[PDB]
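Structural characterization, general
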Amino acid sequence: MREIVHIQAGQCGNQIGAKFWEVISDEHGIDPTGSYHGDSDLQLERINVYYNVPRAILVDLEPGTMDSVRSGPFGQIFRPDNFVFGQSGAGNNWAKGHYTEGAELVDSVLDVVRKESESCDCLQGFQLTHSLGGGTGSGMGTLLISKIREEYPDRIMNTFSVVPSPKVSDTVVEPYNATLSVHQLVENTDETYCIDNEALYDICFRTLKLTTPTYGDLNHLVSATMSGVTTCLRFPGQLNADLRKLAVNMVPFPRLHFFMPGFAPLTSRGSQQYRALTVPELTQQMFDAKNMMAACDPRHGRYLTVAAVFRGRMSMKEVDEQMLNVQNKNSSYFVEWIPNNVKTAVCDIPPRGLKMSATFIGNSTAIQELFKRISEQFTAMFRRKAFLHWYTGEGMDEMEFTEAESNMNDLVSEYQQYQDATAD
Amino acid sequence: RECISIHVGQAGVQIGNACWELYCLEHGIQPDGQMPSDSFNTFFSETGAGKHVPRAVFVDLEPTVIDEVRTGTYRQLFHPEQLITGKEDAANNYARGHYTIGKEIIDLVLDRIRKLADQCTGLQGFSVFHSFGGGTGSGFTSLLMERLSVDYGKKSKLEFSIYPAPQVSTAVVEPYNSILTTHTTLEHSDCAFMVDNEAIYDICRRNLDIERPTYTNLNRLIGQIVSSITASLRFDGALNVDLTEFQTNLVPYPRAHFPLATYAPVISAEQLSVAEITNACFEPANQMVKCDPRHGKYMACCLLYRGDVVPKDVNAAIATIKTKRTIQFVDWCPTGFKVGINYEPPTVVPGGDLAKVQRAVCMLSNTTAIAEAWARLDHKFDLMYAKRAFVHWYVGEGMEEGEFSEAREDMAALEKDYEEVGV
Amino acid sequence: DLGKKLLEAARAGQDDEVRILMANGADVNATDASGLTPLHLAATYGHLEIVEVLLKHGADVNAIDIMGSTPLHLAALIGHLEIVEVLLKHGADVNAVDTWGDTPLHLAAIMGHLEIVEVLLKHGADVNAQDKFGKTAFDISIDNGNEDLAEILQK
Amino acid sequence: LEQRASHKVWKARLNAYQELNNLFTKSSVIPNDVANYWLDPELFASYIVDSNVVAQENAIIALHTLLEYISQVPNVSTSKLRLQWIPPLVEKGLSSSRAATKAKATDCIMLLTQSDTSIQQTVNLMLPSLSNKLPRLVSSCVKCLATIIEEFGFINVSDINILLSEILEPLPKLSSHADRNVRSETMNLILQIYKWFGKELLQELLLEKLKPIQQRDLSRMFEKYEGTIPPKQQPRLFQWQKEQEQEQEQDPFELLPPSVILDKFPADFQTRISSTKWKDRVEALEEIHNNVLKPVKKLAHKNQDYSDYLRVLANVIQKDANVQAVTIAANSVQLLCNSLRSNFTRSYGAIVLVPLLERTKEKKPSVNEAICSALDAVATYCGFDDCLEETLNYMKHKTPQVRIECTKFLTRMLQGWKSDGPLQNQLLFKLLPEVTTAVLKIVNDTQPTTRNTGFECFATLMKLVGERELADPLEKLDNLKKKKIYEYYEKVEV
Ligand SMILES: Nc1nc2c(ncn2[C@@H]2O[C@H](COP(=O)(O)OP(=O)(O)OP(=O)(O)O)[C@@H](O)[C@H]2O)c(=O)[nH]1
Ligand SMILES: Nc1nc2c(ncn2[C@@H]2O[C@H](COP(=O)(O)OP(=O)(O)O)[C@@H](O)[C@H]2O)c(=O)[nH]1
Ligand SMILES: [Mg+2]
Ligand SMILES: [Mg+2]
């Protein structure tokens, strides 16, 4: 369990994807030319995970995205062969990405995926970043996932999917696209981090006091969260070391693998608070719903499993105490029938900018609130049958929408079942 | 007369290092294998060039730990064919250790065991070191134990299990893995010494005076207590001189073969009497498994003293405890405490937090109070299996769901077996 | 199972291999299928040294089986006078009853063990004890034509 | 222990008889060359006369189950057996004083009697034993003769006239025999002959010659008999009769004129189907399917080569990236196989078979629907020609989905397995070697949904070829997997 192959698809996919590579290239001490200028062994200890030069494949039907990446800061480092791009775009049509146009290109992509996997000592799994309200990131991404799932069934599939919200784009077909994509992810992926644009806006607007957040502002929150959750994977550490062990200790039921991520402290684009947080303060950004990357209230549900990642030099004794504290002082919020369901890990290397930080990966049943929002928007649209001729024209059947609608509602019911469950 | 040791998973492998480090100091053997100085050849073989090689196999479904074994201080001690590694680990999944991944390497492992058994003339049996909660430790060991009961069926096999503890626990599913291996390894094990990592944690925090112990801290403490049990096999004592005697003295029921080990004294490096250390053997604080023997009946009890000990001091300390405490025995037991002594002093590691003591004792006692330890696992197991939590991982790697229930019933039946003896 | 080899030995009468199996901590009161301890079996087939070996190691002198038979029942049935007095000296139940209502006095009288009958009587046997059908030991001598036994029962 | 059946020690022969009895119940029904207690029947003729009454009885009950393990075809060698076996059976089995030694010897003769075409050859051999010293032998062998009749009867007997004389001849001496039992059990044999053709015949031939008191009791016995003069139905049938009854208990609209579609094709077809634009390919296929194939109901058998059209349907079903173009193609392939039955002999069948099996990988319900339904078409018209071998090949394939679907395919085919002939079909030539070794790879898969398909695909196998024949790999399987396999065996039909 060593190497990880990375993929980014669609506009958003390559945006937050490149942002992620910017962050962890710095943290590992790699320059845009691809040369080590660090000063620690903990940097090159597990560099073989994400690098060889990144083990990253860039995909989009939109050919313009090609240049938006290479003209970016770390755009020079990606392998030219691993760029695989179509002629036209999907235009917010999930069917075009999944059945027609996105399907024609997916073979070219699998050829490069094979190439990178071929020269791996021991593959762990895969890693995809994409948006769910689009046509390419959602339609072709979910199609790529299934196509890999069947070509590499002995490997992990881990996705960073961002949820659409009316606050960030008023496109009304996004409820369709996201619902169809969730119908795929519940069956095809081992673990999925739920990045909610609804919550990214509400954090930049209300907590960071930015009247008009841009994509870059929301992408800053994302790239920092990704480096936080992937800290265990990229540096030496006992707990939650590889992808499979993580999913083993996070996912008790195969379909319920949608994590609500959140981390602290919340900073703006290059602002410094001048005051480093304390360990009990960081700990008290867990239930603090203003730090959740998904627009859900953990108070309104129950945690099935929790993974905490504290970065920086601090007291391992105090972290254990504070985590053991906050668990039992809110004992009604953690499921009783899974003992020792919260697991904490520490990494001495902090993220750049911050002296201390803490990321809070949680499988909370409150996540059903998120899927409620998508379904109600989907159903309002679907009951009046708006824009259906887009999808049906591309070979889709009207029945598919009903199945995805019903399958998401079963997913909501399941979360509600285990929320109301008792140990007695 | 020989005995082969096997180490499975990180737990087995890393405790193995601590034990063979401690064996080589007790036998004056060098890291390169030489010796400027038999009973000890029960454990070691000999090269034509005056080199002493352990009779040991190291197994892990993942290089990282054994790679450090293969390049550690004791890299020259082992033959490279003894250190076996896979590539994909079991990922805390009994199914992968036993079914999916374990079958890919089980034959290579059994083959390398035959090479050490072919060097031996009168092989006694096997010592096995492994964790409970680990995927490799649970799954692969239970498989290897099944296959050793075939290819070597007519001889003994002893376990050294690491009972899990939330303070160092790496996985949620550790109750599952413990129950699953204990079910399938029950019939194939003649005797099995459990090690509760919580007690070793508690001991290291209280008596070694450490805030947050590391694995080295726990392993060194554990390696001392393992040495105390295997001392009889390595120096030709009077008690427990071969592997059969362990079953004779401690196992009056094939299933109930889980002795409680108590070790005194654990002295920080920053002397006691014979009577004082023997009283500490009946203090729960110094047990390796957290339970209360006062709530149970003793089926057997052995005392393995080593060091500056006068045989009469022992008999006085015995009569004191047999008169001034109420150690309840079962009526169908000899009720007499067996004793053995080895006048060599307890060796510690140069630099270790554990201090050199003048004398030491390790009490092995098959008390029915150890059922409390099984009850704690069974309860945790029940909570998760009531909702079928994490079960899809196991079933998805070649395992039938029924095996969960068949294992749970075998654990409930064992809990009744402990009850009926003690009433 | 070591408790099963000790039954095999105590029955077939290998005096030496009892000490071997018992030195390995075999269950002195190990039950077979019908609840018979080794003391039962040795007292049936007349192995006096094996009886005294098991008794002094702690053998239930008044252990019953699935049919309520004590070793004193079986010794008085087959007619092992040497073993009967060993059991009684080790606190055997002289007026034990079994599932058919018989005492050891019933069995020794039926089988014509006049020498054992007198030993049981002097250890306080119940001469008026009845079985299921309602017959005493004295009724058995009347029914069976034994006048040597009728006189030995009224002594 | 094969030669131990004739060992000097009795308790060593006693084993081999139990060993044999366990073999004839646990052996393969088609049968191992090890089951050579037919070609040398002197063997069991020796065993039945064992010099130990306890090991004798065990030899007879081994002969008994042997003599019912022979209930399978072809064992026309039952003539040689009755000659070799029933004289030892009568002489010393019926003779025996042992309760069970006798009962199984009679039951043995029963099974040898129904091996035959009629009762005459068995009767003719056991008649001489009526003239033996020992009464209890003639006492018994007149009872056995009497109950080979009351349950079987005289049918398919060449010369009944010669047979009736041969069995009526001793009846005067038997009925005046000293033994009470020989007499009492002779009146029963008389009744059982009357019960089949009396009273008129035997009153002139036999009843005249008996004691008057005797012929009174026989008349009293005929009044108590109710039922027609010959019994309407026999209480037991022979082997050739029961099989004929079982076989007794157990126009095609295709005559329509054939239509030709080659003329229907358009010019802009070959480039359209081999185009890079997906909608070109879709419309191309969708047109010739909805306009050209869906209307027709019978294609032209004579002189029409579709193996140019069918090999381009294969090219898309295998390699075409458009899942929609696949779905509409497999539905076309089915239509060809459906409206043109008896055409897909080899070239046609094999041109699309291995492509279809590759594409079961598709998980979209509509697409798996069409691919599988097409594979059902080629199967129903290529029976087991190339599919049986290649379906196995793709059960061994790496994709999880193709394993579960190609195994479900074998399950579908196996339910519609009704090949002609008694035995030795393509299924049996490769059953244990290939089919079972491959189905176990599914039964022992890592995934549950995969394993669960194997559990049906093994319970549909046992249903076809006997849950006893495959009891060998059943034992090697987990007791836990066993009760899942049996679960489906109880609910599965053919
Ligand atoms: N006392 C002690 N416990 C250990 C040691 N190593 C691991 N453990 C415990 O064993 C349990 C399972 O961990 P491992 O044994 O490392 O798992 P593994 O056998 O290597 O199996 P995989 O890593 O999944 O392939 C954990 O709860 C640890 O606390 C050790 O060196 N000493
Ligand atoms: N957080 C974030 N969300 C984005 C970004 N770009 C697009 N989105 C969201 O993703 C959805 C649009 O999908 P998009 O990725 O642009 O379409 P695609 O190119 O076909 O994958 C909308 O809900 C947007 O709000 C970005 O840079 N950051
Ligand atoms: Mg776009
Ligand atoms: Mg490990």
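Residues numbered from 1 in each chain as written, not as in the entry; some residues may be left out. Chains lettered and ligands numbered in written order. Part of a larger assembly, values for the part shown. Heavy atoms only, no water. Residues with missing side-chain atoms left out of burial classes, pairs and counts.

Looking at the PDB entry, one finds chain B named Tubulin alpha-1A chain, with Sus scrofa as its source organism. Within the Protein Data Bank, this record goes by the title "Structural Basis of Tubulin Recruitment and Assembly by Microtubule Polymerases with Tumor Overexpressed Gene (TOG) Domain Arrays". Its UniProt record gives chain B the following Catalytic activity comment, quoted word for word: "GTP + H2O = GDP + phosphate + H(+)". (UniProt positions renumbered as here; feature names shortened; annotations may be inferred.)

The name the PDB entry gives chain A is Tubulin beta chain, with Sus scrofa as the organism. The record held by UniProt for chain A lists under Subcellular location the comment "Cytoplasm, Cytoskeleton".

Overview of the side chain of A:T359
Among the secondary structure elements, A:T359 is positioned in strand β11 (residues 357-364). Other than its neighbours up to four places away in sequence, A:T359 contacts A:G228, A:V229, A:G262, A:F263, A:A307, A:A308 and A:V309. (Helix = DSSP H or I, 4+ residues; strand = E, 2+ residues; numbered from the N terminus. Contact = heavy atoms within 4.5 Å.)

A look at the packing of helix α3 (residues 53-69) of chain D against helix α5 (residues 99-115) of chain D
Residues and elements named next belong to chain D. At a minimum axis separation of 9 Å, α3 and α5 run at an interaxial angle of 25 degrees. Accordingly, the angle class assigned to the pair α3 and α5 is roughly parallel. Along this stretch, α3 crosses α5, giving a crossing that reads as left-handed. Residues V53, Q56, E57, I60, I61, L63, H64, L67 and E68 of α3 touch α5, and the partners they reach there are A100, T101, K104, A105, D107, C108, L111 and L112. In terms of residue class, the contact of α3 with α5 is built from 10 nonpolar, three polar and four charged. (Axes fitted to C-alpha atoms, helices over the stretch in contact; angles between N-to-C directions. Parallel < 35°, antiparallel > 145°, perpendicular 65-115°, else oblique. Left-handed = near helix turned anticlockwise from the far one by under 90°. Nonpolar A, V, L, I, M, F, W, Y, C, P; charged D, E, K, R; others polar.)

Some points on the UniProt feature "active site" in chain B
All names here are of chain B. UniProt annotation of "active site" refers to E245 when read in the numbering used here. Within the fold, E245 resides in helix α9 (residues 243-250). The class of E245 is buried, set by a relative accessible area of 17%. Apart from the residues within four sequence positions on either side, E245 is in contact with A238, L239 and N240. (Buried < 20%, exposed > 50% of the residue type's maximum accessible area, 1.4 Å probe, protein only.)

Considering a nonpolar patch on the surface
All names here are of chain D. A cluster of nonpolar side chains, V9, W10, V53 and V54, forms an exposed patch at the surface whose accessible area comes to about 310 Å². In this structure, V54 sits in helix α3. Of the residues examined, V54 reaches a relative accessible area of 34% and is grouped as partly exposed. (Patch = residues over 30% accessible without salt bridge, like charges linked within 9 Å, V, L, I, M, F, W, Y side chains within 5 Å. Areas by Shrake-Rupley, 256 points an atom, 1.4 Å probe, with all protein chains shown as cover. Salt bridge = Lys/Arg side-chain N within 4 Å of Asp/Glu carboxyl O.)

Some words on the UniProt feature "binding site: Mg(2+)" in chain A
Residues and elements named next belong to chain A. Within this numbering scheme, the UniProt entry marks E62 as carrying the feature "binding site: Mg(2+)". Mapping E62 onto the fold places it in the loop between β2 (56-60) and α3 (64-70). A residue is classified by how much of its surface remains accessible, and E62, at 39% relative accessible area, is partly exposed.

Describing the site of ligand 2
Residue and element names in this part refer to chain A. Surrounding ligand 2, one finds 17 residues, the nearest of these being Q11, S131, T136, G137 and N219. In this structure, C12 approaches ligand 2 through a main-chain N or O atom, which is 3.1 Å from an oxygen atom. Between ligand 2 and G137, the relevant distance is 2.9 Å, taken from an oxygen atom to a main-chain nitrogen or oxygen of the residue. For ligand 2, the protein covers 93% of the area, taking 570 Å² as the surface of the free molecule. Breaking the shell around ligand 2 down by element, the ones donating at least two residues are α1 (10-28), α6 (136-151), α8 (197-207) and α9 (215-229). Broken down by element, the residue count for the shell around ligand 2 peaks at four residues, all from α1. Residue composition of the shell around ligand 2, grouped by class: six nonpolar, 10 polar and one charged. (Near = heavy atom within 4 Å. Polar contact = N/O pair within 3.5 Å; in protein donor to acceptor, adjacent residues only side chain to side chain.)

What about the pattern of salt bridges?
Under the counting rule described, the total for this entry stands at 61 salt bridges over all chains. Between B:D107 and B:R147 there is a salt bridge; the shortest N-O distance is 2.9 Å. Of this pair, B:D107 sits in helix α4 (residues 106-119) while B:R147 sits in helix α5 (residues 135-151), and the two are 40 residues apart along the sequence. Here B:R147 falls in the partly exposed class, since its relative accessible area comes to 30%. A salt bridge links D:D280 to D:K277; the shortest N-O distance between them is 3.6 Å. The class for D:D280 is partly exposed, based on a relative accessible area of 22%. One salt-bridge network, held together by shared partners, links A:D154, A:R155, A:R244, B:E88, B:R96 and B:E397.

Focus on the interface of chain B and chain A
It is common to give the size of an interface as the accessible area that goes away when the parts come together. Each partner contributes residues to the interface: chain B has 24 residues there, and chain A has 31 residues. Regarding the contact of chain B and chain A, the summed buried area is about 2,400 Å², with carbon and sulfur atoms giving 60% of it. Together, B:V172, B:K387 and B:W393 form the three largest contributors to the area buried by chain B at its contact with chain A, with a combined 26%. Residues A:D121 and B:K87 are paired through a salt bridge, measuring 3.6 Å at the closest nitrogen-oxygen approach. Scanning the region where chain B abuts chain A turns up eight residue pairs in polar contact. Put simply, the parts of the chain that give the side of chain B that touches chain A at least two residues each are α12 (371-386) and α13 (391-395) of chain B. In terms of residue class, the side of chain B that touches chain A is made up of 12 nonpolar, five polar and seven charged. (Buried area = accessible area lost by both parts, 1.4 Å probe.)

Some thoughts on the sheet that holds strand β7 (residues 156-163) of chain B
Residue and element names in this part refer to chain B. The strand order across the open sheet built from six strands is β5-β4-β1-β6-β7-β8, with neighbouring strands paired in parallel fashion. Pairing within the sheet leaves two strands with one partner each, and these edge strands are β5 (83-85) and β8 (191-196). When the angles between neighbouring strand axes are averaged without regard to direction, this sheet yields 15 degrees. By the bridge criterion, three bridges tie strand β4 (residues 56-60) to β5 in an arrangement that is parallel. Bridge assignment links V59 to a residue of β5, and that residue is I84. (Pairing = 2+ DSSP bridges.)

Quick notes on the site of ligand 1
Taken together, 24 residues are adjacent to ligand 1, and B:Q10, B:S131, B:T136, B:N197 and B:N219 come closest. One chain alone does not account for the residues near ligand 1; they come from chains A and B. Compared with its free state, where it exposes 630 Å², ligand 1 has 98% of that area covered by protein. Elements that contribute at least two residues to the shell around ligand 1 include exactly α1 (9-26), α5 and α8 (215-234) of chain B.

Some points on the arrangement of the chains
Most contacts, compared over the four pairs of chains touching, are made between chains A and B. You won't find any contact between chain A and chain C; their C-alpha atoms come no closer than 39 Å. Spatially, chain C is disjoint from chain D: no contact exists, and the shortest C-alpha separation is 22 Å.

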